[PDB]
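Report on one structure; see the data block that follows.
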Amino acid sequence: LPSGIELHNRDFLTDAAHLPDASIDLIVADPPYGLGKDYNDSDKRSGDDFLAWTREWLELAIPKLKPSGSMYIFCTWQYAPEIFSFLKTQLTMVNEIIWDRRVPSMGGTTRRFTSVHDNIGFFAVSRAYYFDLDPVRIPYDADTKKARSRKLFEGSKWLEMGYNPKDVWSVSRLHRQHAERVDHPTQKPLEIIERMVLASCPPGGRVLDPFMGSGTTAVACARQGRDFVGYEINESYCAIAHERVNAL
Amino acid sequence: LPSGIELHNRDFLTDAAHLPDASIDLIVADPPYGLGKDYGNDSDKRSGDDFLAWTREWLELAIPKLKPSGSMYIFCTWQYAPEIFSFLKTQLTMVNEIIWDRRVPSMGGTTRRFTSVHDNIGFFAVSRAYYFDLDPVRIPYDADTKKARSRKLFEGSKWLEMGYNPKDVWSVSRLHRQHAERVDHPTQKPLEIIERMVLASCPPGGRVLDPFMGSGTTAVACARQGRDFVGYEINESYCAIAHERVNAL
DNA sequence: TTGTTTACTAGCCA
DNA sequence: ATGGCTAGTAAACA
DNA sequence: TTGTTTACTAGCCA
DNA sequence: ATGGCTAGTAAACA
Ligand SMILES: Nc1ncnc2c1ncn2[C@@H]1O[C@H](C[C@@H](N)CC[C@H](N)C(=O)O)[C@@H](O)[C@H]1O
Ligand SMILES: Nc1ncnc2c1ncn2[C@@H]1O[C@H](C[C@@H](N)CC[C@H](N)C(=O)O)[C@@H](O)[C@H]1O
Ligand SMILES: OC[C@H]1O[C@@](CO)(O[C@H]2O[C@H](CO)[C@@H](O)[C@H](O)[C@H]2O)[C@@H](O)[C@@H]1O
């Protein structure tokens, strides 16, 4: 395991104290959504119970942010207004990013529009948070270049280097047979996590994942060169995280 | 003006008495986002608690106008969506959170954030027996995509042979100024998405309310789809365009 | 071209 | 207050 | 092929 | 407390 890469198979809430306050540049928080998934009982909480537990781990993770830190939190629309409304009292919301998973959730419903997107709250401790777009700009290919280029835009940073990813990221969910896929139920694309890691944490900086699971953020910090602290209570997920960071 | 489509050049929050309680099948509300736009008025200049109290006020007037099967779509920005949705969940139940991918991002010149190309829409319902019909809004596959999707497991399926759910993310590009449908409105919404709402959550003949009709896109939607419509808008210029868009059908 | 699957069925009736 | 039966649900990876 | 624009800069300075 | 100046921000309509 590399320098700065820390994998703790420990309950984050008990072992948060073991992490120094104001010592993490970025928190990549993909916690249980409260959707009844089989991880333990972590995602088997619903309603005000789940909201209370969410707040409980958030008040432990927030103080560990440096004055320049930022945070991305994954959630479902079913709870996003409340969790975001709470986090707006503690930090400032810089963005709401929509992961358009392209592939919709199945079930067989016809009484509503099917879920295709996940909500991501992008918060910051202060207005002097760190944000660097250049590493995450998306380049135009030759054809997309020739289409967007005009003598009003020639030389513009968005044209030559790349455009802003925007607050909706259209990336397909990892198929079970995808090369990236491992033995985790709710994996996250490396594209997404890597974008966030590059855009809000200095090189060699510290990224905390209170609910790390497969080490997706761990892999994202291994490459791109950033320090990482992870917390996953499931032994098998920590194993797969190790294998994922020990193959780069 | 056609029958069943009513256009009012007044303030909504004050004519709410006129509207009967439990008469509206569907509310399609596109309110001021609290963003500083100039609608010819200063309604979108409110921010923070001012904006949110004003929002909750007009909402407390609009909600009783929905009959039990009633539903509501509400446009908003991510800066105020958590609070607005949190309040509305105490009144009605949230069925969906639809994200309007406007495809074209907001301009300004920032490099410290992610440019906006999403608007939030809250889909709430009064009861669990709310009206909803997906078949009018199913998206049919074309001769190439259905072929790419058709497997023996899916042959004869409702979603394959007819059309799939539009999902809670609608990637409909914003209306360019030179676009044919575009009128002289600062924040015009495309006819596609409002027509989708009108077709799905309002039965043929039902009454739709747009407290902030603007250019009357909901009026055109209700006229083209055989649904009654009522609207409110203080700008007479916007109401004039709202008219013209309906008489042109 | 094809098997298969991913964080988000639901309304009745009993 | 609580299950079970039903008609039903996409895009994209290997 | 090309002009033009649409609900959402941002920090500094005199 | 107030503009102004800067360095910038894109898909898609006509
Ligand atoms: N108290 C807890 N502390 C640390 N991890 C937890 C805790 N409770 C649940 N978890 C784990 O958090 C993970 C949530 C996952 N959605 C994270 C997946 C991860 N983002 C990935 O891309 O693979 C689950 O695997 C849980 O086992
Ligand atoms: N009290 C008010 N009552 C009725 N309309 C109002 C009020 N305040 C502001 N408005 C208008 O509400 C509209 C908000 C816009 N989103 C309407 C756009 C409209 N959905 C369209 O299709 O273009 C503005 O045109 C306002 O002038
Ligand atoms: O608006 C529904 C919304 O509420 C949530 C919590 O955000 O669930 C709560 O409210 C439901 C109302 O239908 C109850 O069924 C549920 O018991 C309660 O927790 C979400 O599940 C849903 O998105």
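Every chain in the structure tokens takes a letter, A first, then B, and so on in the order presented; its residues are numbered from 1, and the ligands are numbered from 1 following the presented order.
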
Open item on the list: For ligand 3, return the neighbouring residues as an MDAnalysis selection string (distance at most 7 Å; only C-alpha atoms (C1' of nucleotides) and all ligand atoms).
Closed with: (chainID A and resid 46:48 77:79) or (chainID B and resid 89 92:95)

Print the selection's residues with C-alpha atoms to a file, as a CSV table (one decimal), in the first residue's frame.
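Result written to result-v8.csv:
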```
chain,number,residue,atom,x,y,z
A,46,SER,CA,-35.5,5.2,6.8
A,47,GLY,CA,-37.2,8.5,7.5
A,48,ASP,CA,-36.3,10.5,10.5
A,77,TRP,CA,-33.7,12.7,-4.0
A,78,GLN,CA,-35.9,11.1,-1.4
A,79,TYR,CA,-33.8,12.6,1.4
B,89,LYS,CA,-43.0,17.4,1.9
B,92,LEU,CA,-47.9,16.9,0.1
B,93,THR,CA,-46.0,13.7,-0.7
B,94,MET,CA,-43.0,13.9,-3.1
B,95,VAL,CA,-43.5,11.5,-6.0
```

Open item on the list: With only C-alpha atoms (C1' of nucleotides) considered, list every residue of chain A at most 10 Å from chain E, as number ranges by chain.
Closed with: A: 147, 149-152

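Residues surrounding stretch 183-186 of chain A within 9 Å are residues 37, 38, 39, 176, 213, 214, 236, 237 and 240 of chain A; 6 and 7 of chain C [only C-alpha atoms (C1' of nucleotides); sequence separation below 6 positions excluded].
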
Let me see the file: selected residues, N, CA and C atoms (P, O5', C5', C4', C3', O3' and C1' of nucleotides), as a PDB file, in the first residue's frame.
```pdb
ATOM      1  N   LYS A  37     -30.748  -1.404   1.096  1.00  0.00           N
ATOM      2  CA  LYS A  37     -29.821  -2.284   0.403  1.00  0.00           C
ATOM      3  C   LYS A  37     -29.077  -3.172   1.396  1.00  0.00           C
ATOM      4  N   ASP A  38     -28.485  -4.242   0.870  1.00  0.00           N
ATOM      5  CA  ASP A  38     -27.733  -5.208   1.670  1.00  0.00           C
ATOM      6  C   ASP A  38     -26.247  -4.916   1.494  1.00  0.00           C
ATOM      7  N   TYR A  39     -25.687  -4.144   2.425  1.00  0.00           N
ATOM      8  CA  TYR A  39     -24.255  -3.898   2.487  1.00  0.00           C
ATOM      9  C   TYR A  39     -23.531  -4.920   3.352  1.00  0.00           C
ATOM     10  N   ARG A 176     -22.418  -5.014 -14.151  1.00  0.00           N
ATOM     11  CA  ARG A 176     -21.831  -6.074 -13.335  1.00  0.00           C
ATOM     12  C   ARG A 176     -20.623  -6.705 -14.013  1.00  0.00           C
ATOM     13  N   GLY A 213     -16.190   1.586   1.286  1.00  0.00           N
ATOM     14  CA  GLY A 213     -16.619   0.421   0.542  1.00  0.00           C
ATOM     15  C   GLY A 213     -15.510  -0.213  -0.271  1.00  0.00           C
ATOM     16  N   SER A 214     -15.574  -0.053  -1.590  1.00  0.00           N
ATOM     17  CA  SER A 214     -14.658  -0.726  -2.500  1.00  0.00           C
ATOM     18  C   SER A 214     -13.330  -0.004  -2.672  1.00  0.00           C
ATOM     19  N   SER A 236     -14.952  -7.784   3.669  1.00  0.00           N
ATOM     20  CA  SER A 236     -14.767  -8.121   2.262  1.00  0.00           C
ATOM     21  C   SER A 236     -14.589  -6.870   1.412  1.00  0.00           C
ATOM     22  N   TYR A 237     -15.313  -5.796   1.737  1.00  0.00           N
ATOM     23  CA  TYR A 237     -15.143  -4.553   0.994  1.00  0.00           C
ATOM     24  C   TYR A 237     -13.756  -3.967   1.219  1.00  0.00           C
ATOM     25  N   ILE A 240     -11.386  -6.003  -0.935  1.00  0.00           N
ATOM     26  CA  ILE A 240     -11.449  -5.622  -2.343  1.00  0.00           C
ATOM     27  C   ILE A 240     -10.825  -4.250  -2.548  1.00  0.00           C
TER      28      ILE A 240
ATOM     29  P    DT C   6     -26.739  -6.181 -10.567  1.00  0.00           P
ATOM     30  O5'  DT C   6     -26.392  -4.674 -10.178  1.00  0.00           O
ATOM     31  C5'  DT C   6     -25.165  -4.099 -10.602  1.00  0.00           C
ATOM     32  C4'  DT C   6     -25.398  -2.724 -11.196  1.00  0.00           C
ATOM     33  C3'  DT C   6     -26.069  -1.724 -10.258  1.00  0.00           C
ATOM     34  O3'  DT C   6     -25.580  -0.414 -10.510  1.00  0.00           O
ATOM     35  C1'  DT C   6     -27.462  -2.108 -12.125  1.00  0.00           C
ATOM     36  P    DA C   7     -25.020   0.484  -9.302  1.00  0.00           P
ATOM     37  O5'  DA C   7     -26.153   0.377  -8.182  1.00  0.00           O
ATOM     38  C5'  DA C   7     -27.242   1.286  -8.193  1.00  0.00           C
ATOM     39  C4'  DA C   7     -28.227   0.967  -7.083  1.00  0.00           C
ATOM     40  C3'  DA C   7     -29.471   1.845  -7.059  1.00  0.00           C
ATOM     41  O3'  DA C   7     -30.583   1.086  -6.613  1.00  0.00           O
ATOM     42  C1'  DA C   7     -28.240   2.168  -5.063  1.00  0.00           C
TER      43       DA C   7
END
```

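Pocket residues of ligand 1, taken as those with any atom at most 6 Å away using only C-alpha atoms (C1' of nucleotides) and all ligand atoms, are residues 11, 12, 13, 30, 31, 32, 39, 42, 186, 187, 188, 210, 211, 212, 213, 214, 215, 216, 231, 232, 233 and 234 of chain A.
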
Cut-off 10 Å: closest chain B/ligand 2 atom pairs per residue, using only C-alpha atoms and all ligand atoms, as CSV:
```
residue,atom,partner,partner_atom_place_in_ligand_line,distance
B:8,CA,ligand 2,4 (C),8.8
B:9,CA,ligand 2,4 (C),7.7
B:10,CA,ligand 2,4 (C),6.3
B:11,CA,ligand 2,3 (N),3.7
B:12,CA,ligand 2,3 (N),4.3
B:13,CA,ligand 2,1 (N),6.0
B:14,CA,ligand 2,1 (N),7.9
B:15,CA,ligand 2,3 (N),9.2
B:28,CA,ligand 2,20 (N),8.3
B:29,CA,ligand 2,20 (N),7.0
B:30,CA,ligand 2,16 (N),4.5
B:31,CA,ligand 2,14 (C),4.7
B:32,CA,ligand 2,14 (C),4.9
B:33,CA,ligand 2,16 (N),7.6
B:37,CA,ligand 2,24 (C),9.1
B:38,CA,ligand 2,27 (O),8.4
B:39,CA,ligand 2,27 (O),4.9
B:40,CA,ligand 2,27 (O),6.8
B:41,CA,ligand 2,27 (O),6.4
B:42,CA,ligand 2,9 (C),7.8
B:43,CA,ligand 2,9 (C),5.0
B:44,CA,ligand 2,9 (C),7.1
B:54,CA,ligand 2,1 (N),9.6
B:58,CA,ligand 2,1 (N),8.4
B:75,CA,ligand 2,16 (N),8.0
B:76,CA,ligand 2,16 (N),9.2
B:182,CA,ligand 2,23 (O),9.2
B:183,CA,ligand 2,23 (O),8.4
B:184,CA,ligand 2,23 (O),9.0
B:185,CA,ligand 2,23 (O),5.9
B:186,CA,ligand 2,23 (O),7.4
B:187,CA,ligand 2,23 (O),5.5
B:188,CA,ligand 2,23 (O),3.6
B:189,CA,ligand 2,22 (O),4.9
B:190,CA,ligand 2,22 (O),7.5
B:191,CA,ligand 2,22 (O),8.1
B:194,CA,ligand 2,22 (O),8.5
B:210,CA,ligand 2,20 (N),7.8
B:211,CA,ligand 2,4 (C),5.6
B:212,CA,ligand 2,12 (O),3.8
B:213,CA,ligand 2,19 (C),4.8
B:214,CA,ligand 2,17 (C),3.5
B:215,CA,ligand 2,23 (O),4.1
B:216,CA,ligand 2,22 (O),5.2
B:217,CA,ligand 2,22 (O),4.3
B:218,CA,ligand 2,22 (O),6.5
B:219,CA,ligand 2,22 (O),8.7
B:220,CA,ligand 2,22 (O),9.4
B:231,CA,ligand 2,4 (C),8.0
B:232,CA,ligand 2,4 (C),4.6
B:233,CA,ligand 2,5 (N),3.5
B:234,CA,ligand 2,5 (N),5.0
B:235,CA,ligand 2,27 (O),5.5
B:236,CA,ligand 2,27 (O),9.1
B:237,CA,ligand 2,27 (O),9.5
B:238,CA,ligand 2,25 (O),6.7
B:239,CA,ligand 2,25 (O),8.9
B:241,CA,ligand 2,23 (O),9.8
B:242,CA,ligand 2,22 (O),8.6
```

- [ ] Could you list the residues in chain B lying within 12 Å of chain C, using only C-alpha atoms (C1' of nucleotides), and format the result as an MDAnalysis selection string?
- [x] chainID B and resid 95:97 128:129 147:154 167:168

Can you write just those residues out, C-alpha atoms, as a PDB file, in the first residue's frame?
```
ATOM      1  CA  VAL B  95     -43.513  11.459  -5.965  1.00  0.00           C
ATOM      2  CA  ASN B  96     -40.510  12.548  -8.010  1.00  0.00           C
ATOM      3  CA  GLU B  97     -37.592  14.933  -8.401  1.00  0.00           C
ATOM      4  CA  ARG B 128     -51.502   8.307  -2.992  1.00  0.00           C
ATOM      5  CA  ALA B 129     -54.396   7.930  -5.458  1.00  0.00           C
ATOM      6  CA  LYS B 147     -33.310  -3.179 -32.556  1.00  0.00           C
ATOM      7  CA  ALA B 148     -30.392  -2.455 -30.216  1.00  0.00           C
ATOM      8  CA  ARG B 149     -32.620  -2.996 -27.157  1.00  0.00           C
ATOM      9  CA  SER B 150     -34.808  -5.914 -28.281  1.00  0.00           C
ATOM     10  CA  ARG B 151     -33.823  -9.180 -26.605  1.00  0.00           C
ATOM     11  CA  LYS B 152     -35.938 -12.320 -26.248  1.00  0.00           C
ATOM     12  CA  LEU B 153     -36.491 -11.451 -22.575  1.00  0.00           C
ATOM     13  CA  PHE B 154     -37.919  -8.038 -23.520  1.00  0.00           C
ATOM     14  CA  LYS B 167     -37.180   8.979 -16.390  1.00  0.00           C
ATOM     15  CA  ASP B 168     -36.604  11.707 -13.805  1.00  0.00           C
TER      16      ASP B 168
END
```

- [ ] as number ranges by chain, list the residues of stretch 21-245 of chain B assigned to strand (DSSP E) by DSSP on the backbone atoms of this structure.
- [x] B: 24-29, 66-76, 93-100, 119-125, 169-170, 207-210, 228-232

- [ ] Would you mind listing what lies within 9 Å of residue B:137 as a ChimeraX atom specification, with only C-alpha atoms (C1' of nucleotides) counted and same-chain residues fewer than 5 positions away left out?
- [x] /B:163-166,195-197,199-200

Open item on the list: Under the rule that only C-alpha atoms (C1' of nucleotides) are counted, which of A:62, A:124, A:138, A:174 is the nearest residue to chain D?
Closed with: A:174

Open item on the list: If DSSP is run on the backbone, what residues of chain B are helix (DSSP H, G or I)? A reply as a ChimeraX atom specification would be ideal.
Closed with: /B:12-15,43-45,48-65,81-89,135-137,145-149,158-161,191-201,217-224,236-247
